[PDB]
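Visitor: my sequence and its experimental structure, below.
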Amino acid sequence: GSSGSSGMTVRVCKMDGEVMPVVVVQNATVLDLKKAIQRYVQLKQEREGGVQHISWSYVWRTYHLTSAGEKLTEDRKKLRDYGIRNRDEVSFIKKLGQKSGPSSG
């Protein structure tokens, strides 16, 4: 047939604030999202001649993806099931903690 533009733009309002437009399949999952978020900075760097220098291991193993009360933890669960659709606003969250890493001030 004809393959035009398929997928969705999932926004990742990083904890800090700066949101990152991630792309995924119309039927992506929490996992993919992560992979994408990574393939967004990774692929980018690669195309921009850059070597990875972000411990996604800890990051992923430290923060999660949130939207609106719905904790995006399950990877075997499609986002569409979480209520996340194309052109949505998702942000990161910090596991049950107390303090937080400041930036300004």
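Guide: Ah, there it is. Numbering: from 1, shown residues only.
Visitor: going forward, measure contacts between C-alpha atoms and count neighbours the same way
Guide: Noted.
Visitor: in which helix or strand does the nearest residue to residue 89 once chain neighbours are set aside reside?
Guide: Of all residues beyond its chain neighbours, the one nearest residue 89 is residue 11 (4.9 Å), with distances taken as C-alpha to C-alpha, 6 or more residues apart in numbering. Secondary structure assigned from DSSP states H and E places residue 11 in strand 8-13.
Visitor: tilt between the helix or strand just after that strand and strand 8-13?
Guide: Per DSSP H and E, strand 8-13 leads on to strand 19-24 as the next helix or strand towards the C-terminus. Angle between the axes of strand 19-24 and strand 8-13 is 150 degrees (criterion: axes from the mean of the first three to the mean of the last three C-alpha atoms, to 10 degrees).
Visitor: quick one: strands adjacent to strand 19-24?
Guide: strand 8-13 (antiparallel) (DSSP bridges).
Visitor: what ranges do the helices span in the protein?
Guide: If you assign secondary structure with DSSP state H, the helices in the chain sit at 30-47, 56-60, 79-82.
Visitor: nearest to residue 97, of those helices?
Guide: helix 56-60 (14.5 Å; C-alpha to C-alpha).
Visitor: does residue 6 touch residue 23 like I think?
Guide: No. Using C-alpha atoms under 8 Å, residue 6 makes no contact with residue 23, being 9.6 Å away.
Visitor: ok so, going back, touching, the residue nearest to residue 89 and residue 20? I think so.
Guide: Yes. Taking C-alpha under 8 Å as the contact criterion, residue 11 and residue 20 are neighbours in contact, 5.4 Å apart.
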